[PDB]
Structure formats: C-alpha cells, structure tokens
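Data first, discussion second: the structure below is written as structure tokens.
2 protein chains.
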Amino acid sequence: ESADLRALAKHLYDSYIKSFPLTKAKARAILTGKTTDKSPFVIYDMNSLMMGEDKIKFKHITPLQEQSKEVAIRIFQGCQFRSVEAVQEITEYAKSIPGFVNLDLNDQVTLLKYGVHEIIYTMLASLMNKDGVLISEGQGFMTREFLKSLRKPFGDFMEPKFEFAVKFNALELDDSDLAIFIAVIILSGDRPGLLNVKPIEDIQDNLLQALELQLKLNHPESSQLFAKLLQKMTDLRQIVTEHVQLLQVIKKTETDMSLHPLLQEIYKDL
Amino acid sequence: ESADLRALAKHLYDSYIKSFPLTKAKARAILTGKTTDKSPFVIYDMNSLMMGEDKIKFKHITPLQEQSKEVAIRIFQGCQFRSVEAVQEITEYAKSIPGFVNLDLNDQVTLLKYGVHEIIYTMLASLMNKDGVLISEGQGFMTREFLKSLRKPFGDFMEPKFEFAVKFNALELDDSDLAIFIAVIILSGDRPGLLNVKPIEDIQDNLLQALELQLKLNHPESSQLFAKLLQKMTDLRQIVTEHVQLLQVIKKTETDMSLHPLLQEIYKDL
Ligand SMILES: O=C(O)[C@H](Cc1ccccc1)Oc1ccc(Cl)cc1
Numbered sequence: 044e045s046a047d048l049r050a051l052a053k054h055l056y057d058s059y060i061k062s063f064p065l066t067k068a069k070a071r072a073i074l075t076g077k078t079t080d081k082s083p084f085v086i087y088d089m090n091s092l093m094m095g096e097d098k099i100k101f102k103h104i105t106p107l108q109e110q111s112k113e114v115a116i117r118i119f120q121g122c123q124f125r126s127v128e129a130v131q132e133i134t135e136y137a138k139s140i141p142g143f144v145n146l147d148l149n150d151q152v153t154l155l156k157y158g159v160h161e162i163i164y165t166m167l168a169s170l171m172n173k174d175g176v177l178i179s180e181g182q183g184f185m186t187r188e189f190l191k192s193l194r195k196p197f198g199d200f201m202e203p204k205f206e207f208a209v210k211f212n213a214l215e216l217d218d219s220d221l222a223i224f225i226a227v228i229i230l231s232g233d234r235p236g237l238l239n240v241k242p243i244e245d246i247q248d249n250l251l252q253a254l255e256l257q258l259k260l261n262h263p264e265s266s267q268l269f270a271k272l273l274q275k276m277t278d279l280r281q282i283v284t285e286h287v288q289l290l291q292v293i294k295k296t297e298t299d300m301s302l303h304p305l306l307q308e309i310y311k312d313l
Numbered sequence: 044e045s046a047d048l049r050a051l052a053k054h055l056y057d058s059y060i061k062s063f064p065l066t067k068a069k070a071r072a073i074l075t076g077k078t079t080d081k082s083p084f085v086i087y088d089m090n091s092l093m094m095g096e097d098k099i100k101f102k103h104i105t106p107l108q109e110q111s112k113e114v115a116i117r118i119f120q121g122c123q124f125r126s127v128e129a130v131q132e133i134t135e136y137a138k139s140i141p142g143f144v145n146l147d148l149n150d151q152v153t154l155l156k157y158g159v160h161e162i163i164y165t166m167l168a169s170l171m172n173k174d175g176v177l178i179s180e181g182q183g184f185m186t187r188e189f190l191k192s193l194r195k196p197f198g199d200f201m202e203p204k205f206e207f208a209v210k211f212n213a214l215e216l217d218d219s220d221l222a223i224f225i226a227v228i229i230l231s232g233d234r235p236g237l238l239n240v241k242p243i244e245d246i247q248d249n250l251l252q253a254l255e256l257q258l259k260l261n262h263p264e265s266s267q268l269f270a271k272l273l274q275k276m277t278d279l280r281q282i283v284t285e286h287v288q289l290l291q292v293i294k295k296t297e298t299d300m301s302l303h304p305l306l307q308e309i310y311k312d313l
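Chains S and W are the protein sequences, given in the same order.
Mapped onto the working numbering, the consecutive letters of the first sequence carry residue numbers 44 to 313.
Mapped onto the working numbering, the consecutive letters of the second sequence carry residue numbers 44 to 313.
Structure representation (structure tokens):
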C-alpha cells in the first residue's frame, strides 16, 4: 500500500520538525532578503567579528584574538559546540525512526557513529547559499569569503561544503524530503562493524520506498530525482573523508586545540 | 514509452555482448558454478604461478624467480596490460550508447577518463568470487589467498576489491542489467572538467530510467534494487580512490630505469 508509505513519510517529517530547531524552511525565509521580520547580522571581516558578539549570543572573546585564541580558533572552537549540538539532535531524530531503537544496542551506536556527519553536512546545506552560511540559529550569517581567508589550516575546512551545498541545493529539496533522506542515511547497513545487517536493510528498503513515493508526489516534473538524490550519498562520503584528514592535521599544528569528547568518540582512523 | 526503454535496454545488452568477450553468465559458469568441460588452471602458490605463466597464453614476461625480477611486480604489471585492454573494450562500448558520440569530443574523452576505473572494478566483480578471480580470458583462477600473500605493498592491493565484489555480487545482477548500469556510470555529469553537462545528464536520465524498468521486470521480487545498486556507486568511488592511494606508494618503489621509456609510456595513470 502506498497509503502506508505516506504515513511513514508524515511520521518522519513530524519528528523532523520536533528535533531540528532550525528547519530549511526557516533558513530560506531568513536567507532570502525579503522576510525581514528578523534579518541576520553579517560577518565578513574581523571588524564584524568584533561587533558579532555585540548583537549575537557569543560566549567567546569579543576584542583582540591574536594573543588569545585568534579568530580562527575562536570560530572553530564554536564550530565544535554546534557539531555536538547537531549530533544530539540527530541522535534524538534517530530514536524516532521506526525499528531503530529495537536494533542491537551496538548497531545503534555504529549507525550513529558513521551517519551523524553525513547528515550534518546534508542539513548544513539548508543553511547555505553561494555566499555564506547561517550561524547562531539563523541570527547570524558568516561570509564564505571570510571563512576561506582563515589561517592556512582552518581556511579550507568549509569550502568543500559550500561546493557540496551549492550543487545539492540545486535539487531544491525541502524538509519533508530531507526527513526521509536523512533517515535513509542512518539505516544504511554497509557501515563498518554492523552485527545484524538484515534487520537494518529491512528498514532502509522501507525508508527508501517511502523516499521514492515522496519524491514522485512532491516533485512530479523532476525526472529521476530519486536516483539523483541517492547518488548524492557518495558526495557526502568523500566530504567526511577530507574532513577527518583535515582534522588529523590540526591535531598536530595546534597542540592546544581541544576536540570535544563526543566528537572524539565518533571519529576514528582508516 | 516502455517501448523505448526496453529498446535501449536490449540495444545496450547486444552491444555489451559484442564488446565483452567474457560475460558474467560465462564467468559465473566457469566459477563456483559447475558446467565442467574445460576446468581453469588454478594459481594458489608461487609454484602455481611459476608453473603457469609458462603454460598459459600470457603475453608479458616468462616465469623466473631467482634474483631476477619479483613475483608481485610481474603480477601487478599484469593488471595494467589487461586493464588497458579493458579500457579499449569499454570505449568501443561507450560509443554504442545513444547520444554518446554526439557529445563534445573533449567531453567524451573526459567521461571515459574517469569512468573506466569504476567500470573496470564493477565488471571485475563478475569474474570474482569469495575465493579468487578468473584470470586470462577465464583460462585461469588466481586465488584470493595467494594475492594477499604477495609483497608488502601488493598484498593489500586486491583485498578491497574482493570485499567490494562480494557485497556487489549479492545483488545478483546479470549481464543485461550491467549493460545499462555501466552506461549510467560513463554518463556521469559530475566528472571534473566537463564542458556541457546538460546533454550528458540528459542521456543518463534516460539510461537511469531504462535501468529502473529493466530491474523491475528482470527482478520483480528483489525489492528496491534500483536504489541499492545506485548506492554501490559510492563504494566504487572509494575503491577507485583508495586504489590511486596504493599506486603512489608503489611509485615510491619501482621507478628510474632506461628500459621502461616505451613500455611505461603505454601505461599512463589510467
Ligand atoms: O569535525 C567535526 O565533527 C566538525 C563538524 C562540523 C563542521 C562544521 C559545522 C558543524 C559541524 O567540524 C569541526 C572542524 C574543526 C574543529 Cl576544530 C571542530 C569541528
């Protein structure tokens, strides 16, 4: 029954709304310089960074940064806080995925471990446009050009994501689509270490079935979007890859940089 | 019209058969399958290979192991020769895909330059089984165990493909299926350097449609198969990547020699 698949489609979209405070809808409303019910403060240079804390919730330093964790450090030390924020949110979303919690407790931890970052960059796309990304729950907007100018080892930490996002937003997907897509990325099954893969692939077929019907109904005139979407899962993989090696490089250049525990566990080698 | 998709499917199948000597139906019969009437020459040990590179229709170097060239090197160089062969077969194949020859010459070359590898490891999976891969038009069978006992740099060269193949073969696809899959791969619109992505994506959109129908009809019980195959293109990618990784390492082994100029010339980087 296709009626059963729409139900699951609605269920996941519902938890999607409940677990992510900043949807793609809100993001675009904020990004398109029209709905000015509340516009973002822009960050495109150090001077703006200063003023940044002024009208934005920033527990970081406001004045000089050179002799006190420079802009680069400040920004990514904050970038960590959000990354964990995202994990916890996704972890919560994951629990609402039918069958997920019923899987082996180990397998839950393995699916989260490998999927939590592919989803982050997917959604991160919702907060981006060719020129920059939304920060502090849509309250701010940091320029891509600013981010690319950061210190030699931090400057190329985001660029590869902007590129991912520009072509991925082209698909023009929305939250109800993402909800199912994000639920397909978790219930994969080819993740390294999974014990019982069959019970997992049984859920993904279900989710995949849901995502398909969803895409057809929701984008009738968009030929093979389903396949075009699924192929994007590869683009994600690569990105996670370049990220970790970039992370492995920081760990050596900044002996004082502290990677948060939760993120340390998730990440491994090879 | 289901008439055009079936027409392309067939057309592609026919061109696949006429382009590839060893089909999967064939390889499969020679492999774990029975169909005994000309058993292949197994290669499981240094004596097995030695006593084979002389009794087999191989064209490169004769078996000699006594302070005169290594076993692993001669085996690696074997893949090159054969791959280069494959590359010519695939190019002749791509040329029969509706639209391909009409693309911008530079675009054609580009699509091939990056698709050949993914295609190679895909089709290799046909010749592979859990315990080894067919060698020499199917005249032989080099074991997987012997490949892993190879030199330090080479003992981890085919294991990642063995792992890929085993998971890939589970899909239980057949030549008629791979004819279309392969076409989808070459018609990749994200290949770096392309000049006019529109036409290339147009043909792939069409191919992807054909694959989808071909699958539903060819495997009515295999659920959501179309989706699972498209997800294997991610593994291919990582295989293809990781492959170039163990290549540079090799590049830091055998190099400077005035006799390779013309031989090494025939083998670029693909
Ligand atoms: O490595 C990670 O898991 C996060 C992921 C992330 C990146 C950008 C926005 C949100 C999360 O990126 C980081 C990159 C560098 C640091 Cl010093 C900390 C985190």
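Here a beta-carbon is modelled for each residue, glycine too, at the ideal position from N, C-alpha and C.
Give me the Cα-Cα distance between residue i and residue j, rounded to the nearest whole angstrom.
i: W/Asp217; j: W/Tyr310; result: 31 Å
i: W/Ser58; j: W/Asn239; result: 26 Å
i: S/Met94; j: S/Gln108; result: 13 Å
i: S/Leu154; j: S/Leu237; result: 8 Å
i: W/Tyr87; j: W/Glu180; result: 18 Å
i: W/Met171; j: W/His262; result: 22 Å
i: W/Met89; j: W/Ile104; result: 15 Å
i: S/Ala137; j: S/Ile282; result: 22 Å
i: S/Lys156; j: S/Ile246; result: 18 Å
i: W/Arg49; j: W/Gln257; result: 7 Å
i: W/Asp174; j: S/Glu244; result: 25 Å
i: S/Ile140; j: S/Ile225; result: 10 Å
i: S/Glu308; j: S/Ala270; result: 33 Å
i: residue 16 of chain S; j: S/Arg71; result: Since the first residue of chain S shown is 44 and the last is 313, residue 16 of chain S is not available in this structure.
i: S/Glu44; j: W/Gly232; result: 35 Å
i: W/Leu290; j: W/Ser62; result: 28 Å
i: W/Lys112; j: S/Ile118; result: 55 Å
i: W/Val227; j: W/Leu250; result: 6 Å
i: S/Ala129; j: W/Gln252; result: 36 Å
i: W/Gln131; j: W/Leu65; result: 14 Å
i: W/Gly142; j: W/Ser265; result: 30 Å
List the residues of chain W that residue i touches, going by C-beta distances under 7 Å, in chain order.
i: S/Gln252; result: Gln267
Going along chain W in order, which residues have a C-beta closer than 8 Å to the C-beta of residue i?
i: S/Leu273; result: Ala270, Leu273, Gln274
i: S/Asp220; result: Those do not exist, as S/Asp220 stays about 15 Å from chain W at its closest Cβ, beyond 8 Å.
Roughly how far, in whole angstroms, is the beta-carbon of residue i from the beta-carbon of residue j, given that I think they are within contact range, below 8 Å?
i: S/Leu167; j: S/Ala208; result: 7 Å
i: W/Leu273; j: S/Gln274; result: 6 Å
i: S/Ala52; j: S/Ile223; result: 6 Å
i: W/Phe205; j: W/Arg187; result: 5 Å
i: W/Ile229; j: W/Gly158; result: 4 Å
i: S/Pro203; j: S/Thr296; result: So it is not a contact: roughly 19 Å between Cβ atoms.
i: W/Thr277; j: S/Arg280; result: 5 Å
i: W/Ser192; j: W/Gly183; result: Rounded, the Cβ-Cβ distance is 17 Å, inconsistent with contact.
i: S/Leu146; j: S/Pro242; result: 6 Å
Are any of the Cβ atoms in chain S nearer than 7 Å to that of residue i?
i: W/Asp47; result: no
How would you list, in chain order, the residues of chain S whose beta-carbon sits under 9 Å from the beta-carbon of residue i?
i: W/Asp248; result: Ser266, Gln267, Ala270, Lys271
i: W/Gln281; result: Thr277, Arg280, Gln281, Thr284
Which residues in chain A sit within 8 Å of residue i, going by Cβ to Cβ distance?
i: W/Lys210; result: The structure shown contains no chain A; its protein chains are S and W.
Which chain S residues sit within Cβ distance under 8 Å of residue i?
i: W/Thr134; result: The contacting residues do not exist; W/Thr134 stays about 23 Å from chain S at best.
Would you say residue i faces chain W, with C-beta separation under 7 Å as the test?
i: S/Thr277; result: yes
Note down, in chain order, every chain W residue with its Cβ under 9 Å from the Cβ of residue i.
i: S/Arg194; result: Correct list: empty, because the minimum Cβ distance to chain W is about 27 Å.
Q.
Quick check on the DSSP output: what are the complete beta strand (DSSP E) runs of length 3 or more inside the stretch 158–196 of chain W, in order along the chain?
A. 175–178, 183–186
Q: Could I get the ranges of all uninterrupted beta strand (DSSP E) runs contained in the stretch 226–305 of chain W, with 3 residues as the minimum, in chain order?
A: none
Q: Write down every uninterrupted run of the beta strand (DSSP E) in the stretch 55–90 of chain S whose length is 3 residues or greater and which is fully enclosed by it, in chain order.
A: 84–86
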